[PDB]
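Undergrad: Structure file input16.cif (mmCIF, N, CA, C and O atoms) is given on the next line.
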data_upload
loop_
_atom_site.group_PDB
_atom_site.id
_atom_site.type_symbol
_atom_site.label_atom_id
_atom_site.label_comp_id
_atom_site.auth_asym_id
_atom_site.auth_seq_id
_atom_site.Cartn_x
_atom_site.Cartn_y
_atom_site.Cartn_z
ATOM 1 N N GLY A 1 5.806 -2.313 -11.967
ATOM 2 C CA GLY A 1 4.358 -2.653 -12.087
ATOM 3 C C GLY A 1 3.897 -3.370 -10.817
ATOM 4 O O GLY A 1 3.340 -2.769 -9.920
ATOM 5 N N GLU A 2 4.124 -4.652 -10.734
ATOM 6 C CA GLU A 2 3.698 -5.409 -9.523
ATOM 7 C C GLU A 2 4.153 -4.664 -8.267
ATOM 8 O O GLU A 2 3.450 -4.606 -7.279
ATOM 9 N N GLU A 3 5.327 -4.095 -8.294
ATOM 10 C CA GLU A 3 5.823 -3.360 -7.098
ATOM 11 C C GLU A 3 4.813 -2.277 -6.709
ATOM 12 O O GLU A 3 4.528 -2.070 -5.546
ATOM 13 N N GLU A 4 4.268 -1.586 -7.673
ATOM 14 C CA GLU A 4 3.279 -0.518 -7.357
ATOM 15 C C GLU A 4 2.158 -1.102 -6.493
ATOM 16 O O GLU A 4 1.557 -0.416 -5.693
ATOM 17 N N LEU A 5 1.873 -2.368 -6.651
ATOM 18 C CA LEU A 5 0.792 -2.996 -5.841
ATOM 19 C C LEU A 5 1.292 -3.223 -4.415
ATOM 20 O O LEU A 5 0.747 -2.705 -3.462
ATOM 21 N N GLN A 6 2.323 -4.006 -4.262
ATOM 22 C CA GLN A 6 2.852 -4.279 -2.901
ATOM 23 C C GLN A 6 3.006 -2.965 -2.133
ATOM 24 O O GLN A 6 2.676 -2.873 -0.967
ATOM 25 N N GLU A 7 3.511 -1.948 -2.776
ATOM 26 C CA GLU A 7 3.692 -0.641 -2.082
ATOM 27 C C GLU A 7 2.341 -0.133 -1.574
ATOM 28 O O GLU A 7 2.275 0.714 -0.705
ATOM 29 N N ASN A 8 1.265 -0.640 -2.107
ATOM 30 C CA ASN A 8 -0.080 -0.182 -1.653
ATOM 31 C C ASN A 8 -0.886 -1.384 -1.160
ATOM 32 O O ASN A 8 -2.075 -1.485 -1.393
ATOM 33 N N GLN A 9 -0.246 -2.304 -0.492
ATOM 34 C CA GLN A 9 -0.974 -3.506 0.004
ATOM 35 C C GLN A 9 -2.036 -3.097 1.018
ATOM 36 O O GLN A 9 -1.866 -2.140 1.747
ATOM 37 N N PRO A 10 -3.132 -3.818 1.068
ATOM 38 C CA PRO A 10 -4.204 -3.477 2.030
ATOM 39 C C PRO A 10 -3.587 -3.043 3.353
ATOM 40 O O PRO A 10 -3.190 -3.862 4.153
ATOM 41 N N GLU A 11 -3.490 -1.756 3.549
ATOM 42 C CA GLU A 11 -2.872 -1.182 4.779
ATOM 43 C C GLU A 11 -1.858 -0.140 4.324
ATOM 44 O O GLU A 11 -1.918 1.007 4.717
ATOM 45 N N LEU A 12 -0.949 -0.509 3.458
ATOM 46 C CA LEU A 12 0.026 0.499 2.970
ATOM 47 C C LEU A 12 -0.774 1.600 2.286
ATOM 48 O O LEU A 12 -0.429 2.764 2.325
ATOM 49 N N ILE A 13 -1.856 1.218 1.670
ATOM 50 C CA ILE A 13 -2.729 2.194 0.976
ATOM 51 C C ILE A 13 -3.538 3.000 2.001
ATOM 52 O O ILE A 13 -3.833 4.161 1.798
ATOM 53 N N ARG A 14 -3.907 2.389 3.096
ATOM 54 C CA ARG A 14 -4.702 3.114 4.121
ATOM 55 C C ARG A 14 -3.723 3.778 5.061
ATOM 56 O O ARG A 14 -3.696 4.983 5.206
ATOM 57 N N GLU A 15 -2.879 3.002 5.666
ATOM 58 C CA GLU A 15 -1.870 3.586 6.544
ATOM 59 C C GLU A 15 -1.109 4.594 5.697
ATOM 60 O O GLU A 15 -0.346 5.400 6.193
ATOM 61 N N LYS A 16 -1.327 4.554 4.402
ATOM 62 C CA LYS A 16 -0.627 5.518 3.509
ATOM 63 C C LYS A 16 -0.696 6.916 4.125
ATOM 64 O O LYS A 16 0.295 7.614 4.219
ATOM 65 N N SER A 17 -1.860 7.331 4.541
ATOM 66 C CA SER A 17 -1.996 8.686 5.149
ATOM 67 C C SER A 17 -1.736 8.604 6.653
ATOM 68 O O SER A 17 -1.180 9.507 7.246
ATOM 69 N N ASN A 18 -2.134 7.531 7.278
ATOM 70 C CA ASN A 18 -1.909 7.399 8.745
ATOM 71 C C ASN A 18 -0.547 6.746 8.993
ATOM 72 O O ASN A 18 -0.465 5.579 9.321
#
Here is the file; what I need is its structure written in the form of structure tokens.

TA:
Amino acid sequence: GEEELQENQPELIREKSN
């Protein structure tokens, strides 16, 4: 659960594609 957030921290979610 919480891990799903850190994995998408402001940047991991954007840099997600970049």

Undergrad: Would you list, as number ranges by chain, the residues of chain A that end up in alpha helix (DSSP H) under DSSP run on this structure's backbone?

TA: A: 2-6

Undergrad: What is the atom CA of residue 5 of chain A to atom N of residue 17 of chain A distance in Å?

TA: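 We find that atom CA of residue 5 of chain A and atom N of residue 17 of chain A lie 14.9 Å from each other.
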
Undergrad: Between atom C of residue 2 of chain A and atom CA of residue 18 of chain A, what distance in Å does the model show, to one decimal?

TA: 21.7 Å

Undergrad: Quick one: what's the axis-aligned box for segment 2-18 of chain A, all listed atoms, 6 Å on every side, centre and edges in Å to one decimal, as AutoDock Vina command-line options?

TA:
--center_x 0.6 --center_y 2.0 --center_z -0.7 --size_x 22.5 --size_y 26.9 --size_z 32.1

Undergrad: Mind giving me the straight-line distance from atom N of residue 15 of chain A to atom N of residue 3 of chain A in Å, one decimal?

TA: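 Pair atom N of residue 15 of chain A / atom N of residue 3 of chain A returns 17.7 Å.
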